[PDB]
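Two forms of the same protein chain are encoded below as structure tokens; each is given separately, as structure 1 and structure 2.
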Structure 1
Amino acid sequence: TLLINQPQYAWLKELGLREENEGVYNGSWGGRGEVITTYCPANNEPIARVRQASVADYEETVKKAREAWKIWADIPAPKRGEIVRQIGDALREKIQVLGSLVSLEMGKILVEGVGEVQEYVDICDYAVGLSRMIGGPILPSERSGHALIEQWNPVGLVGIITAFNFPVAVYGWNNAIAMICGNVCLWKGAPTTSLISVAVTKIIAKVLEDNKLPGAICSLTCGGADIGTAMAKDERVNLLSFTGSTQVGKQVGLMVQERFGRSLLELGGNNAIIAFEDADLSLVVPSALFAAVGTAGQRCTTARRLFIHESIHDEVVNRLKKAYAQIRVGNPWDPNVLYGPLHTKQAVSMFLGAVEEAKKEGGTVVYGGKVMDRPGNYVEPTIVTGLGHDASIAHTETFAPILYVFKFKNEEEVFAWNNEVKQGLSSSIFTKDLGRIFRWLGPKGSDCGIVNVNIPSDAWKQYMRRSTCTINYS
């Protein structure tokens, strides 16, 4: 029986959810496509159902969004910023129940579900001020009586495809910034977090309707691969923002390039931590633990490779083992719990596969490595030593809490080893040597977009199009 039909989960109805929900919003609610059931990863019970978009629903929604854009693009950016401010206030009023839904459907612990909603609230508050800073300079012409203007305009329709692991705040960032820039949006979220997508859209829809604005400014089309592919191939989708796996992202990027569209791609990464001989182990150990096991290793920034100087390798592994042993496991919406389930059964199979393969490649499991014997998708947070830097399994991004640990002797080799990795998202070094820190942050250092030391505002231009306008008034 559906969780939403059980009295203990009646709080779900505060988000406007029912046993079966419409998964399309374009000013009207609908959905003629496949009906999907989403499940609670803590107990594998079905929560509720969502009727997804058909291709015809998607078509109509794109057309309705483009019609709504005619109205929206004529609203001054500071007034669009006021609408975004009101969305933030509306999220604020629902923060506890929406955060609880994030924990229930996605599986992250409650402080993180609430924290993700709060992040969206903070984004809306930030967007208010940003809405007053949109614009380009009037530059000096080389010709007398000519005005040279850098003009910024909305791209039009921004399609947004998001992933399971941050089912609220990635959409929130894209939506808030795209809205103040005068764009309309179309959201297709992860199918396994459909209820979260519907709940967020219900909150936004009410703000838009209360303001007598066309709802399609923030459209929703829940769906699977066919809807995602339709967006990637659709010339009416002027900008496609995608967050997800590197293999899928590459194909999305190629499809958008094939039609000369625009894309923003946020793809995976291996994240590494490097602890040198002079590191503060009182920072390293808890940093590595939270970076490795936070959200059960399902963050885009999850640490999966830990390089440790030979002199401290054994001690750090030991202290990690101790720390891992204190991790508190349970239902992720229970305020006492520090560690929840993996998001899907399939993730558990990947976890088991990765562990056995690491063994086969010569690795030693020094902690964990097993599925936990309890309902839901719980696995033990795992530490694997003895693998070589090159090990193929250690470069595959398995969204599970497996930490691969490597030893190194000097700065030269460890830097070389890391600079041989491609997708690298973030790099965290722990050292007290200031010169070494400069080398790692500089041109010859990490190639990562995020670099951290002793720790684990033209954003709007990405959602607009620039023109150079020359006016002769002489």
Structure 2
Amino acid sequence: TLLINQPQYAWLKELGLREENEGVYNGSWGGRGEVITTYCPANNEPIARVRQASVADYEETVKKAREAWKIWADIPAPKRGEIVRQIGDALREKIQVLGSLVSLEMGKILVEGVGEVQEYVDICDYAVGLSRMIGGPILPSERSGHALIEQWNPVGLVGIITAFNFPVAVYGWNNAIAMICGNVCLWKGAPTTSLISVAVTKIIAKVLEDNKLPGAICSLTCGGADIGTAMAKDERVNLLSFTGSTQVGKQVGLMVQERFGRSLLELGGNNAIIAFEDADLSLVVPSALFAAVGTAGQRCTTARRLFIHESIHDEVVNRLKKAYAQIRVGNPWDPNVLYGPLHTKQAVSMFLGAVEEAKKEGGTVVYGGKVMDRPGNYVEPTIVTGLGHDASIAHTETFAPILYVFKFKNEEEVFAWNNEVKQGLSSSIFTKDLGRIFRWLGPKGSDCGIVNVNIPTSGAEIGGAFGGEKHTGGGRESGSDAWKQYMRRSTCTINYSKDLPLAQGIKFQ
């Protein structure tokens, strides 16, 4: 009954997947823990099985990765760059079949699955460039015969914990950067996207092995909260990059702080789009559509709040309503399909709980609000009006496709309402006013890590640093100088002279 044993899913073998797969890789493949079955959210059928990590597996893998680090850290960065380049090429080769696997096991539509892999490809190109550039400044010493320099060195082992909704790209951002920086990696992905984790690890393993490098440089330990907790408490994990819920993320941050580790937290969002009276509505409506119903509203960057100026409120809602009705629903791998299933059954229940609660708090469902009567975890993408900006149900990160719509009049109040939530990931305004754009980007504007103008809250490119503020956790990934989070800084002063002048002109003699 496994999908992978059915003739139409034979393409899965192009990723090297079988009926039962090893979920631990450290140079060798294994897995002595529990076997998990993952399911297609589009039809609730079992795909294939993964043998997860046991305690012994985790312990062995950590030790092997750290031993592999002794070799990898000695390889010059541009040569490490060359490995990441080849990973980039290996992804390019598999991009359609890997994207199809993401569509099958996670449930996002094919163009987004392929697009997610493209993020990994892109950050590989960026990292290759970085491998020739990373480092610090030579600074002028105030002391004669001294050099003052900033050195950057790998932290060691980077633990990477990722979530179900971007089962490839987030690992990719971390992997590519942490690698060229001289670190080894240990991946624990979402249990419900284990096959994706295995498939990606198979691609990377072959590059490492083909370059006669130890596989444990990019290690994999599939597991649940037991493995993630072990990572958060493990002093041998020098940096823990965690992407997931705010609730879990807070505890991960506390555990890592308790051992004076380093953490990179990428947590939830409650992101807002704001449409001012002068906004190009031809930009607003498709932007809101993509930001809200993209990935069935299961992105951390998904727009969950839509603020519309009172003068254009009804008109925007009407046009958004017509747009929602023209969304093509189907199997996420099927063509021209723009809307797939939610990732889990539990998610469908929450969607129901939130829609009913929204009704109870005074809100009006102007579109959707119901489960689709069809196989899979399909719900109607939903629009709710009439609620206040401070309504409890709207201050609740539900990973459901529900968009809460609010009226506003003044710029000052609506900027405040953007900022009033606990999360601080993404935000966007739609406007032409020059001054307003300046204020939005300034000290009294958005408090988020991503601050956009005339585009959705979702769909970042890799060139900038990605992450948010407040309860979103403060970590940054991907571009700009996010690489510094994966390295340790040292301020080095070298005396090349025969004298000992002291800083600040202190005479100690």
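Basically, rigid core = biggest C-alpha set you can superpose within 1.5 Å across the two forms. For residue numbers, the reference is structure 1: its sequence is counted from 1.
Asker: Taking only shifts of 2 Å or more in Cα after a rigid core superposition between structures 1 and 2, tell me which of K250, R143, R132, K360 qualifies.
Answerer: Just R143.
Asker: Fitting the two forms on their rigid core, what distance in Å separates the Cα positions of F408 between structures 1 and 2?
Answerer: Between its two positions, the C-alpha of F408 lies 1.1 Å apart after core fitting.
Asker: Could you check how much the CA of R299 shifts between structures 1 and 2 after a rigid core fit, in angstrom?
Answerer: Here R299 registers a C-alpha shift of 0.9 Å.
Asker: Once both forms share the same rigid core frame, by what distance in Å has the CA of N418 shifted between structures 1 and 2?
Answerer: Comparing the two forms, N418 shifts 2.1 Å at C-alpha.
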